[PDB]
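Chains as they are written, first to last, in PDB author numbering: chain B, 13 to 43, 60 to 135, 146 to 246; chain B', 13 to 43, 60 to 135, 146 to 246; chain B'', 13 to 43, 60 to 135, 146 to 246; chain C, 98 to 175, 189 to 232; chain A, 73 to 97, 104 to 210, 222 to 297. A prime marks a further copy of an entry chain.
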């Protein structure tokens, strides 16, 4: 067990060296520094999935979000840490994957294409609400959360764009999908809803 | 945890260096190479015991068994691995012991003196169906399976006979007794029957 | 006179260094070891010819034939030895030749395209039952058995195929034709039917 | 469903070795054993657990390893199929409070000696 | 202080009675050499599996009540495999390959040492398999034939008792001592209707 303190934020995570680096590249300079622990989602027995759009997920929180409405330009990597808190009598499996330029489809309004801090849910998770199947999502940078073995999942995402600087207000760089491939099961009397906690840390942030 | 692959067989057992060598002698040359995972026996609440005769237990399986009906002569050691699969809410104790020239008694037909691959059960386990008491079976090469602490039990048996070569069809060299000294107990709702898995590997096999 | 003992088989042939190597290449590795003396054919006064398909001729005999139905792949050379047993008052001439991809014709069932161990006979031997004339069969690896001079004939055949490994069950690599070009003649009172004995030895056999 | 089976529709001939990965997604307190048997092309599918054991197989207990792998040695296309079967070696042992049913997912990918040629449009 | 009285030679010394033979007024007896006739020396020999030794017999001979008369006696040893005598005047009494001793009744008793007479390397009391019908081995030490010399009948009742020491004892593979009563003299058949406990009972577990 470690105790990660950057900025004035402090989280407690174990020594899990299962970091997946997206496309083998660390975020760097030459084309805020804290943790932003979001609200927890309650994984129930019939929950379908969730997604968060980046960096729209950090424009309603403070000092990085207030920097987002200013300066007209933005370029940074990220560091997402998704962890789950369940006992040894629960079972299930999540798939945590990032998807660059996650353009959703319509069976879209201004609310679902950028859901904000809380994140929206998935309607048809078999086709990822975008027409592409869930079976091939592991070609993206992904990580499994099997409640049997581990609880946390951490991905290092660099900056990927065709231009070196983009406006953070309109364009969202990627998404973050957390999909329960194997559904949650337990026996009667245990805790019915399991919390999923997302922690985001911007790495190598620039504005000019 | 290890992964033992000899031949085309693959088993998964932990790093348990509790090997008992029968009478302190390794099987050697100068008087097949795979694992033969038998059928599992269901240890219930009132099961009495089981036994297997060697090398009669490997004359109905393939390539070693088809070599047994040929060549009229046989000389090999063995390597027996008995393991149990139970949770931490079960209790019980087994005694796994080999007995050279295990001649049974009658309260015998051609079926019970050589039961084959499946192995027969014990009728009166207090006298081992042979008139000798169970309390003194630990003078043989033995190993305890206490479900509190461990799950596996592995014995290395060399070749013991008055002649250096014997016909494998009529004479059986030893037996393998698995007797529940302390009976299996659990509470209502758990798995009622616990599986016991036997894995045999012939060591230093010769035929001429 | 020699005494060739390979495996547990033993044949007695003279020191005849008239070995013909098919296309000048010895069978080798880098793309069973005994003699298989077949049944004898009775060369009568009006017999037309015989043929055997390889390696179909060795799928009804033991240990090599039982290896043929397994492993799905096969690659080996061969060593055929055809000899005749007649006196000095008989006359005649045979032509022993191998023919790669010996595809027969129809004036065909599953019995004549692979005759097995006993081998079928020829219907029209002038056209080899394939439309190609007998007069030009000596462009193949061949050997003459003139009963005046010699009695034996031995050919070394390597593995010839467009792929380095083929299934031995469906595809037959070559044939072996024994055709009496000059018919057998004798006077009244001698032995009417002369035996022809074929001995096959697989050279450089592989299966994987 | 795989990305390997969709990129083989864009070609004609392929040859190489695969690897199939299984993953247990049950409770931590449950234990048992499975048998992952593989049959080479030409042979028949086994009807007994004991005849499947005599071929190529992997004994997988999920009390220790929650995920096992299996390498298919060679496939080809120009029926040569490499039939894979899953056998209950033991039953599924479970204590009080843990759920009685669990699920396995299966993953598949190609190895470093997998090539394909003669591009074609589906 | 010293551990020399529990050695394997001192455990099997001290020649004891094995048979008492009465020959009252046929005219001969056959006593084949077996040791599993008395309750002791069977329970003492079934502690092990393989034993190798050589015997030493003594023939204390008298009348039914103590007294000795000047009478000549013959004790013939029939080796294993040689045919036994049928009658008093059989051909086997004059065979040179059956060693005999000739001793009076008024002498010291006759002593005879018999070597290790097995085709195997050790005697085995327990044979698991089948010799061919019953599960019994073929140790077969021999046969002692006893008669009074002369052609008409001696008017003296002869009772001799046979004593036997066991020299050069080597023992292998110890075994639980039998706690159940004996039923037959070939097999370990116990009485399965009532099973005697190994210990004696007490009132409660605390009443020492």
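Positions of the beta carbon are idealized from the N, C-alpha and C atoms, including for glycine.
- Annotation: Cβ neighbours of residue 100 of chain B'' in chain C (cutoff 7 Å, chain order): 137, 138 and 139.
- Using a Cβ-Cβ cut-off of 8 Å, residue 197 of chain C does not count as an interface residue toward chain B', since no Cβ of chain B' sits closer than that to its own.
- Note that the C-beta distance between residue 262 of chain A and residue 126 of chain A is below 8 Å.
- Secondary structure note for residue 255 of chain A: its beta strand (DSSP E) is the uninterrupted segment 247–261.
- Residue-level contact by beta carbon fails for residue 291 of chain A and chain B', as no gap is shorter than 8 Å.
- The shortest C-alpha to C-alpha distance from residue 19 of chain B to any of B/121, B/74, B/91 and B/40 is the one to B/91.
- For residue 94 of chain B'', the secondary structure class from DSSP, reduced to helix, strand or coil, is helix.
- Taking CB atoms only, residue 123 of chain C has no neighbour in chain B' less than 8 Å away.
- DSSP, reduced to helix, strand and coil, places residue 86 of chain B within a helical segment of the structure shown.
- Contacts with chain B' at 8 Å (Cβ-Cβ) do not include residue 158 of chain A.
- A straight line joining the alpha-carbon of residue 206 of chain B' with that of residue 88 of chain A spans about 39 Å.
- The C-alpha of residue 141 of chain A is placed about 11 Å away from the C-alpha of residue 250 of chain A.
- Within chain B, not a single residue places a beta-carbon under 8 Å from that of residue 143 of chain C; the smallest gap is close to 28 Å.
- Cα atoms of residue 204 of chain C and residue 217 of chain C: separation of roughly 26 Å, rounded to the nearest angstrom.
- Taking every protein chain shown into account, the CB of residue 71 of chain B' has 16 or more other CB atoms within 10 angstroms, so this residue is buried.
- In this structure, the beta-carbon distance from residue 196 of chain B to residue 125 of chain B does not fall below 8 Å.
- Cβ proximity to chain B' below 9 Å picks out 146, 147, 148, 150, 151, 152, 153, 154, 155, 156, 157, 158, 160, 161, 162 and 165 from the segment 145–165 of chain C.
- Residue-level contact check: residue 23 of chain B' touches chain C, since one or more beta carbons of chain C fall below 8 Å from its beta carbon.
- Against chain B, a Cβ distance below 7 Å from residue 213 of chain C picks out 220.
- One thing to note: residue 125 of chain C has its Cβ no nearer than 8 Å to the Cβ of residue 164 of chain C.
- Following the DSSP letters along the chain, one finds residue 150 of chain C inside the alpha helix (DSSP H) bounded by residues 146–150.
- Of all C-beta pairs linking the segment 159–178 of chain B' to the segment 226–243 of chain B, fewer than three are shorter than 8 Å, placing the two stretches out of contact.
- For residue 204 of chain C, the chain B' residues whose Cβ falls inside 8 Å of its Cβ are 115, 228 and 229, in order along the chain.
- Note that the C-beta distance between residue 17 of chain B' and residue 150 of chain C is not below 8 Å.
- No Cβ of chain B is located within less than 8 Å of the beta carbon of residue 170 of chain C.
- By DSSP's assignment, residue 162 of chain B' forms no beta bridge with any residue.
- Residue pairing for residue 107 of chain C: DSSP places it in no beta bridge.
- Per DSSP, residue 198 of chain B' is not a residue of any beta strand (DSSP E), being assigned neither H nor E.
- As a beta-bridge residue in DSSP terms, residue 212 of chain B pairs with B/82 and B/128.
- Legend: CB atoms of the segment 186–208 of chain B lying less than 8 Å from CB atoms of chain C belong to residues 186 and 187.
- The segment 104–164 of chain A is shown to contain whole beta strand (DSSP E) runs of 3 or more residues at 106–110, 128–140 and 150–156, in chain order.
- Against residue 126 of chain C, the close residues of chain B' are 115, in the order they occur along the chain (beta-carbon pairs closer than 7 Å).
- Contact between the segment 202–218 of chain B'' and the segment 104–123 of chain C is not established, with fewer than three Cβ pairs separated by less than 8 Å.
- Taken through DSSP and simplified to helix, strand or coil, residue 87 of chain A comes out as coil.
- Nearest CB-CB separation between residue 200 of chain C and chain B': below the 8 Å threshold.
- Collapsing the DSSP output to three states places residue 243 of chain B in a strand.
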